[PDB]
Amino acid sequence: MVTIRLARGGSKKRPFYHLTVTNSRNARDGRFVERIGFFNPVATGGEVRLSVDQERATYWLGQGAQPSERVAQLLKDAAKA
Amino acid sequence: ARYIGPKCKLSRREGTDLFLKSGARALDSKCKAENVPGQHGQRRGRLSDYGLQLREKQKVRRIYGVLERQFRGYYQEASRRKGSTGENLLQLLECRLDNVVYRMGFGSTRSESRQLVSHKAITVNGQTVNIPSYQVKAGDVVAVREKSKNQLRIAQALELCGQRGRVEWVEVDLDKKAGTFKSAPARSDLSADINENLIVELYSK
Amino acid sequence: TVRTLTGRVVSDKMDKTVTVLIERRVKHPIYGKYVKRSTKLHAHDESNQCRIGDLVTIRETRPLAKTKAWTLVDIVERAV
Amino acid sequence: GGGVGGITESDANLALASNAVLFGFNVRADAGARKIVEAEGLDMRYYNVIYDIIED
Amino acid sequence: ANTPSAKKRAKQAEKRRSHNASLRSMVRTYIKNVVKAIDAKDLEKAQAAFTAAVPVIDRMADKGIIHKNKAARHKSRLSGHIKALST
RNA sequence: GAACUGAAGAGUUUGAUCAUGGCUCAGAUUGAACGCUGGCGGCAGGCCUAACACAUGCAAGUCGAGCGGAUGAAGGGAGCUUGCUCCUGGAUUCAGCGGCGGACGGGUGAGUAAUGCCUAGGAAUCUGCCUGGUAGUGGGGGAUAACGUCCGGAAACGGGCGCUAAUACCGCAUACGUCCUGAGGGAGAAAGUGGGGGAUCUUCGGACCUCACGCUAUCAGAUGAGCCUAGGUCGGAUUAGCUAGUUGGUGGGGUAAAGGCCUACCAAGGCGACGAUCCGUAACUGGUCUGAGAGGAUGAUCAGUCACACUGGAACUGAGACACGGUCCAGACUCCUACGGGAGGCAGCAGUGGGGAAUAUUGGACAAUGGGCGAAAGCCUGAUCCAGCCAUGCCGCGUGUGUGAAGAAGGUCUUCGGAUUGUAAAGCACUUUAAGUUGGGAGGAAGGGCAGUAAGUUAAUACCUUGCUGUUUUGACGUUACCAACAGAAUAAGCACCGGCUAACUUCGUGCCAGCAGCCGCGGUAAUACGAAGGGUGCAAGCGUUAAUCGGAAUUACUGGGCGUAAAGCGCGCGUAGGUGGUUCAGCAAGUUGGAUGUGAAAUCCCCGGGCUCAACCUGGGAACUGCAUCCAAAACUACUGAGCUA
Ligand SMILES: [Mg+2]
Ligand SMILES: [Mg+2]
Ligand SMILES: [Mg+2]
Ligand SMILES: [Mg+2]
Ligand SMILES: [Mg+2]
Ligand SMILES: [Mg+2]
Ligand SMILES: [Mg+2]
Ligand SMILES: [Mg+2]
Ligand SMILES: [Mg+2]
Ligand SMILES: [Mg+2]
Ligand SMILES: [Mg+2]
Ligand SMILES: [Mg+2]
Ligand SMILES: [Mg+2]
Ligand SMILES: [Mg+2]
Ligand SMILES: [Mg+2]
Ligand SMILES: [Mg+2]
Ligand SMILES: [Mg+2]
Ligand SMILES: [Mg+2]
Ligand SMILES: [Mg+2]
Ligand SMILES: [Mg+2]
Ligand SMILES: [Mg+2]
Ligand SMILES: [Mg+2]
Ligand SMILES: [Mg+2]
Ligand SMILES: [Mg+2]
Ligand SMILES: [Mg+2]
Ligand SMILES: [Mg+2]
Ligand SMILES: [Mg+2]
Ligand SMILES: [Mg+2]
Ligand SMILES: [Mg+2]
Ligand SMILES: [Mg+2]
Ligand SMILES: [Mg+2]
Ligand SMILES: [Mg+2]
Ligand SMILES: [Mg+2]
Ligand SMILES: [Mg+2]
Ligand SMILES: [Mg+2]
Ligand SMILES: [Mg+2]
Ligand SMILES: [Mg+2]
Ligand SMILES: [Mg+2]
Ligand SMILES: [Mg+2]
Ligand SMILES: [Mg+2]
Ligand SMILES: [Mg+2]
Ligand SMILES: [Mg+2]
Ligand SMILES: [Mg+2]
Ligand SMILES: [Mg+2]
Ligand SMILES: [Mg+2]
Ligand SMILES: [Mg+2]
Ligand SMILES: [Mg+2]
Ligand SMILES: [Mg+2]
Ligand SMILES: [Mg+2]
Ligand SMILES: [Mg+2]
Ligand SMILES: [Mg+2]
Ligand SMILES: [Mg+2]
Ligand SMILES: [Mg+2]
Ligand SMILES: [Mg+2]
Ligand SMILES: [Mg+2]
Ligand SMILES: [Mg+2]
Ligand SMILES: [Mg+2]
Ligand SMILES: [Mg+2]
Ligand SMILES: [Mg+2]
Ligand SMILES: [Mg+2]
Ligand SMILES: [Mg+2]
């Protein structure tokens with residue numbers, strides 16, 4: 001199906017994540033349909049920990065996209081704030 | 001790497017003061033600084049335009065004690081920046097942490113300020129920095145660690161920096177050895193003998 | 001709406017189809033001069049009403065044979 | 001040229017460059033060395049007792 | 001094969017092929033009866049064969065042996081041929 | 001506010017000079033190799049050659065809440081007696097049937113010059129799981145693996161007879177949509193499990209109610225693929241003709257779908273100097289390296305597409321393959337064997353031989369992000385996250401700091417006066433980064449089990465779902481990043497060059513030898529050019545050499561060159577394609593100009609910021625992508641159309 005998951009970038013022991021809407025049978029860092037924000041496990045300082053597009057996320061969830069476990073938790077946390 | 005060796009043949013070869021000793025006693029009464037180093041010292045040997053450009057670049061590099069690859073990086077950054085790379089290079093060289101510690105009177109020379117910085121005795125924004133290339137920004141407060149405030153080196157360095165000229169762009173708080181970087185010193189704040197046009201000419205070839 | 005192409009008729013010896021030549025003018029990539037290029041298309045003439053020399057207009061449809069996917073909609077300059 | 005292991009292209013065309021006889025004691029040549037030996041007229045003998053080599 | 005899954009898939013696939021071939025031949029024979037009846041210019045035979053053949057075509061399309069588009073195409077062309085034959 | 005800003009020449013033809021012209025040099029880059037030398041860390045990279053052949057491990061499984069069967073705990077007990085037997089129950093585990101997955105993820109670049117790729121379009125299709133609607137899940141039937149049984153085989157294992165279930169398979173019933181048919185009418189589905197329960201009957205075997213999962217038709221959406229058109233995509237003319245299903249029409253067949261896709265008749269068409277056909281070479285693109293730009297060269301790592309899977313074919317199953325660890329046939333090559341008879345495919349991760357100038361470990365964990373199955377614990381995962389090796393690259397840091405004139409001793413040169421190595425050393429006094437030892441110490445972690453409470457669902461304080469609360473539980477890396485203490489200057493500098501180009505010079509040996517050399521050129525008894533030694537100049541954990549691309553080269557000249565004598569006007573006409581067009585009105589709108597919309601993937605380049613003690617590196621937003629297509633507008637010029645005039 002179509003899912004929303006985390007694509008890993010950054011560098012060794014310094015991970016950065018893009019919240020990506022992908023066909024499920026693609027590479028983790030391969031082709032995607034749309035990026036709807038990012039997540040920073042380290043952040044600190046002026047860096048934000050995570051940001052999401054509410055509009056795009058709701059639109060894709062309304063079209064039948066299944067988010068992962070981390071994407072579900074992070075999206076509900078973002079909606080909490 | 002680092003140039004470690006006789007730090008006065010450089011002055012004789014360049015033919016200018018090119019401060020490398022503490023300046024306590026003199027320069028003339030240590031080396032007879034009127035002849036090029038080596039056996040063929042009495043010869044004069046007028047040299048060509050490429051030689052003049054090379055000598056100018058070497059003089060600047062030996063003044064600030066940086067090697068060739070880092071200097072090329074500095075030149076590329078100065079060219080990238082806006083507004084007349086010629087003094088951009090000097091702006092960028094005059095902001096290194098070892099040079100700033102030297103200008104504040106904490107060290108007698110550049111090598112001793114490098115000794116201090118590398119050996120974890122300097123804090124920039126209340127936190128330790130030991131990279132003698134850290135580009136200090138306007139408004140930082142270079143200080144000395146409390147466990148390193150009783151070294152004599154700082155005492156002689158301060159009492160001897162008391163008479164070399166007023167920098168007038170850093171305020172040193174003498175009693176507790178804390179400084180402040182107001183801004184980068186403009187071209188008119190440095191000596192008007194370096195011909196940076198020769199450096200830019202040399203690298204643009 | 002629908003985009004069309006306009007050109008001359010260069011052959012009508014086939015049955016229920018015509019050969020149309022389309023002239024285009026393209027600037028040369030490197031030397032800058034404008035040179036003229038030609039395109040040959042096979043168009044569909046249902047009632048065989050086009051003769052050599054006619055200036056006509058055609059549009060794109062689904063393929064009707066191999067090497068034939070254009071259909072004509074109007075004859076605008078009848079040949080002599 | 002000595003060595004341990006099967007007969008290879010390197011020793012085949014080392015023998016080719018010295019008019020040498022190619023002896024293999026308890027070893028075999030591979031496909032490429034066989035191609036080279038067939039192409040020219042190199043003589044290659046196999047053995048399993050050293051005294052046959054001495055006699056030859 | 002190297003793993004049990006591949007062997008089981010091969011066995012199940014052979015069974016599937018054996019099951020499917022008979023049903024495909026069934027559909028083909030039922031269509032060929034109508035085609036032969038039409039080719040012989042025999043009306044009542046054509047209606048009898050068409051009425052016998054439509055249910056099996058639809059049933060086998062529904063089971064997944066053939067695609068429903070093929071069933072619709074066969075029905076349409078047979079109906080057209082028979083209707084043209086009647087006149 | 002920014003997204004740029006940018007361009008050097010020199011040596012060598014002559015006795016000397018100007019020009020022409022070739023050669024060479026100074027720069028920046030490599031997936032580099034070799035020689036000498038070698039301390040540390042961070043981030044990357046690592047068979048470019050034989051799509052050569054492969055020993056050995058691992059790389060794709062999961063579901064008992066779909067189904068029989070056999071394994072049969074703890075317990076309640078019963079008997080006899082210390083332990084056994086028996087029964088009821090029964091927890092766990094799966095060889096088999098069955099459902100999904102295996103078409104993904106991973107590798108390689110042989111073939112392919114156009115069924116590929118890039119850009120812009122469109123019409124005639126299908127699409128498992130996913131989302132939202134619509135209508136349903138009623139009732140029968142015959143089987144078969146497993147299993148028991150009988151033989152053969154060295155084994156691999158094979159064969160006959162009997163017996164049994166299912167969400168396996170096949171009819172029947174019905175049809176909101178659905179198929180075709182003209183109205184008229186006809187045709188086509190399913191499957192049941194798991195947790196609870198009020199009242200009723202029954203063996204609360206169950207029916208019945210409820211929830212969850214599942215199944216069947218169908219519409220829309222999302223996603224993914226199939227198909228068509230236009231333009232572009234290497235060199236060769238010492239390759240000029242190519243094509244008979246070929247080009248078009250009709251009837252028919254076939255496909256999910258248009259179509260010579262196929263077939264039977266009819267016609268003789270189709271392509272080509274705007275380069276067909278043929279020959280050679282080659283995956284393409286974003287991009288990368290150079291360049292002031294225009295251009296030139298090139299497709300490593302990263303991302304998109306394509307093709308391939310020992311070689312040549314073919315289909316089956318499936319929503320999807322002509323199938324990368326599936327089937328069948330043939331072939332080449334290895335091997336087993338008990339000689340009767342079978343097996344194999346590392347261009348998956350390690351690894352080996354071979355070829356080569358040359359490219360690494362039979363490592364750890366599923367802790368994190370993903371993928372398959374499951375309901376959920378959970379299982380699997382050489383993807384991935386990490387470790388190992390190698391100065392291969394980029395970046396950063398060390399190998400100490402201040403004072404110190406008997407200007408020590410030694411070396412070298414000397415006009416024998418001295419100069420230089422040189423504040424260099426020693427001496428004196430300081431500091432401990434990195435490395436060594438010791439002790440502290442984050443962040444990568446979301447979740448899972450249990451227990452309680454509150455809401456919603458019903459018919460119900462049941463089950464279940466969801467908020468929250470309490471407790472318990474998780475890290476390969478890892479002796480983590482980082483921080484504090486101790487000791488001592490202690491543990492750490494080489495390589496090339498010094499005649500001009502081109503920064504840096506003298507002595508001693510040798511004597512057209514030995515040798516050097518990028519180009520001029522050095523060496524034949526005072527060699528700043530060979531070989532050493534003193535001194536010096538460039539770089540520096542690297543320094544040189546070799547190979548290769550662009551630059552300088554305006555030396556293929558579009559930007560931006562030439563042809564009287566340096567190379568260069570056909571011996572001279574005529575003329576075909578083509579290029580170009582005297583001068584007035586009027587129209588049109590292809591070129592041309594302006595604007596709007598859509599697109600031009602992400603990363604990369606650039607600008608402004610933010611995080612690693614800095615940098616490399618990572619990352620947010622913007623700019624750009626100079627192009628393409630469609631609309632609206634303008635009419636000076638070119639094109640086109642109509643009518644004139646005479647230079
Ligand atoms: Mg370095
Ligand atoms: Mg047609
Ligand atoms: Mg069906
Ligand atoms: Mg001469
Ligand atoms: Mg290879
Ligand atoms: Mg099992
Ligand atoms: Mg792939
Ligand atoms: Mg290829
Ligand atoms: Mg070819
Ligand atoms: Mg029925
Ligand atoms: Mg049923
Ligand atoms: Mg069924
Ligand atoms: Mg279930
Ligand atoms: Mg094309
Ligand atoms: Mg035919
Ligand atoms: Mg037809
Ligand atoms: Mg198909
Ligand atoms: Mg076709
Ligand atoms: Mg036809
Ligand atoms: Mg050609
Ligand atoms: Mg090739
Ligand atoms: Mg140029
Ligand atoms: Mg290419
Ligand atoms: Mg590769
Ligand atoms: Mg790729
Ligand atoms: Mg094959
Ligand atoms: Mg099928
Ligand atoms: Mg395939
Ligand atoms: Mg497979
Ligand atoms: Mg394999
Ligand atoms: Mg391998
Ligand atoms: Mg192979
Ligand atoms: Mg070798
Ligand atoms: Mg190597
Ligand atoms: Mg995992
Ligand atoms: Mg289990
Ligand atoms: Mg395993
Ligand atoms: Mg493992
Ligand atoms: Mg290193
Ligand atoms: Mg090396
Ligand atoms: Mg002496
Ligand atoms: Mg933690
Ligand atoms: Mg010189
Ligand atoms: Mg001599
Ligand atoms: Mg020389
Ligand atoms: Mg020499
Ligand atoms: Mg070169
Ligand atoms: Mg050029
Ligand atoms: Mg060149
Ligand atoms: Mg020109
Ligand atoms: Mg010329
Ligand atoms: Mg001439
Ligand atoms: Mg002449
Ligand atoms: Mg003439
Ligand atoms: Mg003409
Ligand atoms: Mg004119
Ligand atoms: Mg004309
Ligand atoms: Mg982009
Ligand atoms: Mg910073
Ligand atoms: Mg933009
Ligand atoms: Mg107008």
Side-chain angles (χ1 to χ4, degrees), chain A residues 1-2 5-6 8-17 23-25 27-28 30-33 35 41-47 62-66 68-70 73, chain B residues 1-2 4-6 8 22 24 30-31 37-41 47 50-51 54 67-68 108 111-112 115 118-120 127-131 133-135 151-153 156 204-205, chain C residues 3 13-17 25 30-32 34-35 37-39 60-69, chain D residues 5 8-9 30-32, chain E residues 1-3 5-6 9-10 12-13 16-17 19 54-55 58-59 61-62 67-72 75-76 79:
Chain A
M1 73 291 291
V2 180
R5 54 193 201 188
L6 307 184
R8 193 195 201 278
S11 56
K12 186 180 289 293
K13 287 173 162 51
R14 286 288 284 243
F16 186 87
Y17 287 111
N23 177 343
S24 86
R25 48 167 80 175
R28 187 193 65 197
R31 64 184 286 192
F32 57 85
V33 161
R35 280 172 167 175
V42 298
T44 61
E47 291 288 324
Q63 294 303 276
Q66 304 286 115
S68 312
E69 295 84 5
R70 286 297 288 267
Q73 188 272 330
Chain B
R2 205 163 55 106
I4 300 153
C8 167
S22 173
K30 281 178 93 75
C31 64
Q39 155 187 1
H40 308 114
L47 73 165
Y50 159 67
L54 178 63
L67 283 199
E68 188 55 38
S108 304
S111 282
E112 183 178 1
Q115 183 62 256
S118 179
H119 277 211
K120 272 157 147 182
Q127 63 84 30
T128 300
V129 183
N130 73 329
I131 302 314
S133 299
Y134 179 76
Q135 296 285 321
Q151 278 173 213
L152 293 186
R153 306 214 272 192
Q156 293 83 18
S204 285
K205 185 260 287 181
Chain C
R3 39 165 201 74
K13 304 311 296 299
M14 294 182 286
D15 177 8
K16 291 174 71 175
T17 193
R25 184 176 176 87
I30 190 167
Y31 299 121
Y34 284 83
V35 298
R37 320 292 288 177
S38 82
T39 309
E60 183 178 1
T61 178
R62 66 182 181 179
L64 311 157
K66 88 177 298 185
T67 79
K68 187 170 117 165
Chain D
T8 50
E9 293 100 308
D30 60 8
Chain E
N2 297 104
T3 43
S5 289
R9 278 281 180 185
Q12 288 177 141
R16 289 282 179 86
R17 179 209 92 71
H19 183 86
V54 164
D58 296 339
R59 186 152 82 260
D62 181 52
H67 202 259
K68 292 185 193 258
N69 284 13
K70 185 177 180 180
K75 291 207 268 198
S76 179
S79 296

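FYI, side chains are in, hydrogens and waters are out, and symmetry mates aren't considered; it's all heavy atoms of this structure. Per chain, numbering begins at 1; letters A, B, ... match sequence-line order.
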Handout entry: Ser24(A) side chain, from C-beta outward: closest of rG372(F), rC558(F), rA26(F)
Key = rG372(F)
Exercise for the section: Taking all non-hydrogen atoms of both residues into account, name the closest pair between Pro15(A) and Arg8(A) and its distance. Expected result: CB-NH2, 3.5 Å
Fill in the blank from the handout: Quick note, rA406(F): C1'-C2'-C3'-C4' sign places the sugar (positive north, negative south) south
Completion exercise
Sign of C1'-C2'-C3'-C4' (positive north, negative south) puts the sugar of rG500(F) north
Exercise for the section: Indicate, with a heavy-atom threshold strictly under 4.0 Å, whether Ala71(E) touches base, sugar-phosphate, or nothing. Expected result: nothing
Handout entry: Nucleotide of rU401(F), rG98(F), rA424(F) approaching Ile4(B) most closely (side-chain heavy atoms)
Key = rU401(F)
Exercise for the section: Give one of base, sugar-phosphate or nothing for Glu112(B), where a contact means two heavy atoms less than 4.0 Å apart. Expected result: sugar-phosphate
Problem - P spacing across the pair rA110(F) / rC52(F), given as an integer number of angstrom - result: 10 Å
Problem - Selection from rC558(F), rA540(F), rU247(F) that lies nearest to any side-chain heavy atom of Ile30(C) - result: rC558(F)
Could you run down the sub-3.5 Å N/O contacts of the protein with nucleotides 49-53 of chain F?
| unit_1 | atom_1 | unit_2 | atom_2 | d |
| --- | --- | --- | --- | --- |
| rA50(F) | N6 | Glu9(D) | OE2 | 2.8 |

Problem - Candidate nucleotides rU431(F), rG611(F), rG249(F), ranked by approach to the side chain of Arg153(B) - the nearest - result: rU431(F)
Handout entry: Six-membered ring stacking of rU399(F) and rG400(F), under 5.5 Å, under 30°
Key = no
Practice task
Would you indicate what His67(E) reaches in the nucleic acid, counting non-hydrogen atoms under 4.0 angstrom: base, sugar-phosphate, or nothing?
Solution key: sugar-phosphate
Enumerate all atom pairs, one protein N or O and one N or O from nucleotides 327-332 of chain F, separated by less than 3.5 Å.
| unit_1 | atom_1 | unit_2 | atom_2 | d |
| --- | --- | --- | --- | --- |
| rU327(F) | OP1 | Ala1(E) | N | 2.8 |

Practice task
Could you tell me whether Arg31(A) contacts a base, only the sugar-phosphate backbone, or nothing, with contacts defined as non-hydrogen atoms closer than 4.0 Å?
Solution key: sugar-phosphate
Exercise for the section: Report yes if a side-chain nitrogen or oxygen of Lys13(C) is closer than 4.0 Å to either non-bridging phosphate oxygen (OP1 or OP2) of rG269(F); otherwise report no. Expected result: yes
Exercise for the section: Verify the contact: side-chain N or O of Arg2(B) to OP1 or OP2 of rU399(F), cut-off strictly under 4.0 Å; return yes or no. Expected result: yes
Exercise for the section: Counting heavy atoms from C-beta on, name the nucleotide in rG371(F), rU613(F), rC261(F) closest to the side chain of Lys66(C). Expected result: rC261(F)
Handout entry: Donor/acceptor link under 3.5 angstrom from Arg28(A) side chain onto base of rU369(F)
Key = yes
Handout entry: Residue pair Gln66(A) / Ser24(A), side-chain heavy-atom distance below 4.5 Å
Key = no
Handout entry: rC333(F) and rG344(F) base-paired, Watson-Crick or G-U, both contacts under 3.5 Å
Key = yes
Problem - Sugar-phosphate only, base, or nothing, as touched by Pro63(C) at under 4.0 Å among non-hydrogen atoms - result: base
Exercise for the section: Scan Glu60(C) against the nucleic acid and name what it touches under 4.0 Å (heavy atoms): base, sugar-phosphate only, or nothing. Expected result: base
Exercise for the section: Taking only the side-chain nitrogens and oxygens of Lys68(C), find out if one of them lies under 4.0 Å from OP1 or OP2 of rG270(F). Expected result: no
Fill in the blank from the handout: Which of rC386(F), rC126(F), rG248(F) is nearest the side chain of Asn69(E)? It is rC126(F)
Practice task
With heavy atoms under 4.0 Å as the rule, sort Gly10(A) into base, sugar-phosphate or nothing.
Solution key: sugar-phosphate
Practice task
For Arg8(A), report the nucleic acid contact type (base, sugar-phosphate, nothing); a contact means any heavy atom under 4.0 Å.
Solution key: sugar-phosphate
Handout entry: Nucleotide nearest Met14(C) (side chain, heavy atoms from C-beta), chosen from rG248(F), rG370(F), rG188(F)
Key = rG248(F)
Practice task
Using a 4.5 Å cut-off on heavy atoms from C-beta on, say whether the side chain of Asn23(A) contacts that of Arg31(A).
Solution key: no
Exercise for the section: Could you tell me whether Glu47(A) contacts a base, only the sugar-phosphate backbone, or nothing, with contacts defined as non-hydrogen atoms closer than 4.0 Å? Expected result: base
Problem - Watson-Crick or G-U pair, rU415(F) and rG138(F), both under 3.5 Å - result: no
Handout entry: Basic-acidic side-chain contact under 4.0 Å: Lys68(E), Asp58(E)
Key = no
Problem - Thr8(D) side chain near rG353(F) phosphate (N/O to OP1/OP2, under 4.0 Å) - result: no
Problem - G-U wobble or Watson-Crick pair formed by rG594(F) and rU14(F) (both under 3.5 Å) - result: no
Fill in the blank from the handout: Closest of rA489(F), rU384(F), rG248(F) to the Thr67(C) side chain is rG248(F)
Handout entry: Stacking status for step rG318(F)-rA319(F) (5.5 Å, 30° cutoffs)
Key = no
Problem - Candidate nucleotides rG447(F), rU432(F), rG370(F), ranked by approach to the side chain of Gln73(A) - the nearest - result: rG447(F)
Fill in the blank from the handout: For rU17(F), the nucleotide meeting Watson-Crick or G-U wobble distances (both under 3.5 Å) is none
Practice task
Would you kindly check whether a donor in the side chain of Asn130(B) faces an acceptor in the base of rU613(F), or vice versa, at under 3.5 angstrom?
Solution key: yes
Exercise for the section: Give a yes/no on whether any side-chain N or O of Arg14(A) is located under 4.0 angstrom from OP1 or OP2 of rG42(F). Expected result: no
Fill in the blank from the handout: Ranking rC558(F), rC385(F), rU423(F) by distance to the side chain of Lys30(B), first place goes to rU423(F)
Fill in the blank from the handout: Torsion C1'-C2'-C3'-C4' of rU479(F) sorts its sugar, positive to north and negative to south, as south
Problem - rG371(F) phosphate, OP1 or OP2, under 4.0 Å from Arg5(A) side-chain N/O - result: yes
Exercise for the section: Take atom P in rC379(F) and the same atom in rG396(F), then report the distance between them in whole Å. Expected result: 49 Å
Practice task
May I ask you to say what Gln12(E) touches in the nucleic acid, namely base, sugar-phosphate or nothing, with a heavy-atom cut-off under 4.0 Å?
Solution key: sugar-phosphate
Problem - Side-chain donor/acceptor of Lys68(E) to base of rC179(F), under 3.5 Å - result: no
Practice task
Give me the one residue out of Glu47(A), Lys13(A), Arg14(A) that meets side chain to side chain contact (heavy atoms under 4.5 Å, CB included) with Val42(A).
Solution key: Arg14(A)
Practice task
Tell me the partner of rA391(F), counting only Watson-Crick (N1-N3 plus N6-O4 or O6-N4) or G-U wobble (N1-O2 and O6-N3) with both under 3.5 Å; none if nothing fits.
Solution key: none
Exercise for the section: With heavy atoms under 4.0 Å as the rule, sort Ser5(E) into base, sugar-phosphate or nothing. Expected result: base
Practice task
Using a heavy-atom cut-off of under 4.0 Å over every strand shown, decide if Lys205(B) touches base, sugar-phosphate, or nothing.
Solution key: base
Exercise for the section: Could you work out the separation of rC349(F) and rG382(F) based on their P atoms and round it to a whole Å? Expected result: 12 Å
